[PDB]
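[1] sequence unknown, structure follows:
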Ligand SMILES: Cc1ncsc1-c1ccc(CNC(=O)[C@@H]2C[C@@H](O)CN2C(=O)[C@@H](NC(=O)CCCCCCCCCC(=O)NCCN2CCN(Cc3cccc(-c4ccc(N5CCN(C)CC5)c(NC(=O)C5=C(C(F)(F)F)CC(=O)N=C5)c4)c3)CC2)C(C)(C)C)cc1
Ligand code: NA
């Protein structure tokens, strides 16, 4: 069992914080917020580094390029933006979605961006030109999460229609769907770091670990509260192997991946913890909460 | 096509229904059932116009659009006994008081 | 005894409906969510109708949008979409109830008098209270609950 | 069968019995086939009878129902009468 304890609270945003992401080089934490701003903080000491502005409405998500030089943001203003982190420059504005853009991710090569929108499409974008390369509209309700696999050959998307969809990146064709006996909205999905599994959240207070090669659900994590908001979950693999997620009771929940036992509940936030992130090399968790809270918290553990 | 009527004489008003295809005479038969005067002792009117017994209510102007349950059309009634004809005479209803200030 | 929460069943089974406003009022459709809470939807002018997407087992009520007077749909208070058959939409025919004369009079007097002024009228106190007891979806929720 | 409802100012309104029995008050007063109202005047009672016709015609009719119109000048007295008649 880990012993995460609070180390820093980052109170720079003036509205709900929607997403926190550690840079792949481990140096930085990027936060996005309903206050239309991205902020960059020191990953280890929570020291404010810079503010990145340009979006006209609130921001739902941010993601780092593999070399930690670029950010992409997803916004209520229907656009994504590609930013140079060192300069804070908006390099590109990706236009094509017809409603709120909720989620975004680079592929490992970082030549592609995947996005997901309330307009029920997943889009694949060229980083160099900013042009939309493919639109995948098979989902029949808002797309809540998009993620590339380890080599970028697959995309997994989750949607309020109750499906996870695995897409072939090259062709755009949906290679597989994943769904249990019931169809609650799927609020979050991501490939495991190791590449073998997919972790999916549903709005029935449940996280599930799937063998997507076999279409088999391997594990199930409950005890938290998740019926309304799309809460980002994570694999923690730098020490022990944990599942980490926010919760609608304002806590961060940590489960043992194999036993599915809750091993920790981190208290401190005063609203829905909508986002969690796990540091790439150290046992550090970042968490972010909604409107009654507006802060990011950094927690650290020996394992 | 139904029509809804007020048949009015003096201080008496009969509420009844008929059809656009009903004749004036049929109306008189309805009236006879109630007031116990035969059709040949009745004259029916629309405004100041004596209605011909053989005309249908539609041919006289009573349509479903202007003779509604909630806003019936008025037929005047006057009686006749042998050689004495009673003139059409309908007493108006009371009048509402001055609309109150808060309205 | 626990009293049934009138609520939409979350069936996730789509149903296409024609909201037909056969009334002289501006109509506010009211959807009961899965928690039983009323949610107002866009309004329909008199004499108009709209094809709309809803779901099997969802619950709808219909009011006057300006006054919240209660209205009927297919001759009753609640509309529940079912499964479409043979590619045919489900009609939700929204009409005026036959109000009591008293309630219709209350409607007209309320439309003419500011609530603050009700008790200036030269009428008995119980008519003041009747005027002040404005139409309310919650009344119908409570009644239809006590009927089930 | 018909009944005669007589206004305070002496106007007689002859209406179908079934229509008049819309009002439980009128039913109590019928227990002659005539009812004398001591205070409801003719302009109000005529409107009440029109309401009776409208009510019986459109009740449970599965059709489009028109508004029952009430002029402002009559509304307060019509309210008083509808309350007394419980209709
Ligand atoms: C013509 C007209 N004229 C007369 S009438 C009429 C008419 C017009 C239209 C219609 C349409 N038809 C209906 O509406 C029918 C009628 C009736 O039958 C019901 N119904 C339905 O369609 C219903 N649908 C169904 O019955 C089947 C499908 C419904 C899904 C089941 C929902 C399960 C319950 C959960 C719940 O209760 N949610 C309530 C609260 N949520 C909050 C979010 N809302 C918005 C939303 C919806 C979907 C996705 C996301 C989403 C998802 C993910 C993310 N991010 C992902 C990445 N993270 C990192 C961050 C989060 C974000 N983003 C954010 O949340 C966000 C921020 C933050 F993260 F900080 F919050 C900040 C920010 O700046 N921007 C965004 C947002 C957000 C939705 C409600 C319903 C849609 C009304 C519910 C019908 C008639
Ligand atoms: Na009204």
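    It's in. Numbering: from 1, shown residues only, chains lettered A, B, ... in the order given. Ligands and ions are numbered 1, 2, ... in the order given.
[2] for ligand 2, what is the nearest residue in chain D?
    Ligand 2 sits closest to residue D:67 of chain D, with a gap of 9.2 Å, by Cβ to the ion. In this view, the C-beta of every residue, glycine as well, is placed from N, C-alpha and C.
[3] enumerate every residue touching that residue.
    C:24, C:96 (Cβ atoms under 8 Å, 6 or more residues apart in numbering or on different chains).
[4] so which strand or helix has it?
    Applying DSSP states H and E as the criterion places residue D:67 outside every helix and strand.
[5] any idea what residue B:56 is bridged to?
    Counting by DSSP bridges, residue B:56 is bridged to residue B:23.
[6] and the gap between the residue of chain B found nearest chain C and residue C:112?
    For chain B and chain C, the shortest gap (Cβ to the nearest Cβ) falls at residue B:102, measuring 4.1 Å. Separation of residue B:102 from residue C:112 (Cβ to Cβ, to the nearest Å): 8 Å.
[7] next: residue A:303.
    Taking Cβ to Cβ, one finds residue A:303 at 75 Å from residue C:112.
[8] for residue A:53, same thing?
    In terms of Cβ to Cβ, residue A:53 sits 54 Å off from residue C:112.
[9] show me where chain D has helices.
    D:17-20, D:24-30, D:42-58, D:72-85 (DSSP state H).
[10] closest residue of chain D to ligand 1?
    residue D:64 (18.8 Å; Cβ to the nearest ligand atom).
[11] contacts only, for that residue.
    So residue D:64 contacts C:22-23, C:95 (Cβ under 8 Å, 6+ apart).
[12] and the contacts of stretch D:54-63?
    So stretch D:54-63 is in contact with B:2, B:4, B:68-70, C:75, C:95, C:98, C:101, D:16, D:18-19, D:22, D:65-66, D:68, D:87, going by Cβ under 8 Å, 6+ apart.
[13] quick one: buried residues of that stretch?
    Neighbour-count burial for stretch D:54-63, counted by 16 or more other Cβ atoms under 10 Å in any protein chain shown, picks out D:54-58.
[14] starting at the chain centroid, how far to it?
    Relative to the centre of its chain, stretch D:54-63 is centred 16 Å away, using Cα atoms, centre = their mean, to the nearest Å.
[15] now the end-to-end length of that stretch.
    Stretch D:54-63 has an end-to-end distance of 13 Å (criterion: Cα to Cα, to the nearest Å).
[16] what does stretch A:42-60 give?
    When the termini of stretch A:42-60 are compared using Cα to Cα, they are 21 Å apart.
[17] list the contacts of the helix or strand hosting residue A:115.
    Using DSSP H and E, residue A:115 maps to strand A:112-117. For strand A:112-117, the external contacting residues (Cβ under 8 Å, 6+ apart) are A:63, A:72, A:74, A:78, A:80, A:82, A:94, A:97-107, A:122-127, A:133, A:142-148, A:152, A:155, A:157, A:159, A:169.
[18] now do the contacts for residue A:44.
    Residues A:282, A:284 are the ones in contact with residue A:44 under the rule Cβ under 8 Å, 6+ apart.
[19] how near is it to ligand 1?
    22 Å (Cβ to the nearest ligand atom, to the nearest Å).
[20] host element of the closest residue to residue C:58 other than its chain neighbours?
    Once flanking residues are discounted, residue C:58 sits nearest to residue C:8: 4.0 Å by Cβ to Cβ, 6 or more residues apart in numbering or on different chains. Using DSSP H and E, residue C:8 maps to neither a helix nor a strand.
[21] ramachandran coordinates for residue C:8?
    phi -70, psi 140 (degrees, to the nearest 10).
[22] can you report how many residues lie near it?
    21 (other Cβ atoms under 10 Å in any protein chain shown).
[23] is chain C within reach of stretch B:79-96?
    No. Judged by Cβ under 8 Å from any Cβ of the partner chain, stretch B:79-96 and chain C are separated, with a smallest distance of 13.3 Å.
[24] how long is that stretch from one end to the other?
    Span of stretch B:79-96 from end to end, Cα to Cα: 30 Å.
[25] got it, and stretch A:239-256?
    End to end - Cα to Cα - stretch A:239-256 spans 12 Å.
[26] which parts of it are buried?
    For stretch A:239-256, by 16+ other Cβ under 10 Å, it's A:240, A:242-248, A:250-256.
[27] filter the contacts of stretch D:54-63 to the buried ones?
    Here, 16+ other Cβ under 10 Å leaves B:4, B:68-70, C:95, C:98, C:101, D:16, D:19, D:22, D:65, D:68, D:87 buried among these.
[28] not counting sequence-adjacent ones, nearest residue to residue 35?
    Using chain A. residue A:15 (4.1 Å).
[29] the intended chain is chain D.
    Nearest to residue D:35 is residue D:29, by Cβ to Cβ, 6+ apart, at 4.6 Å.
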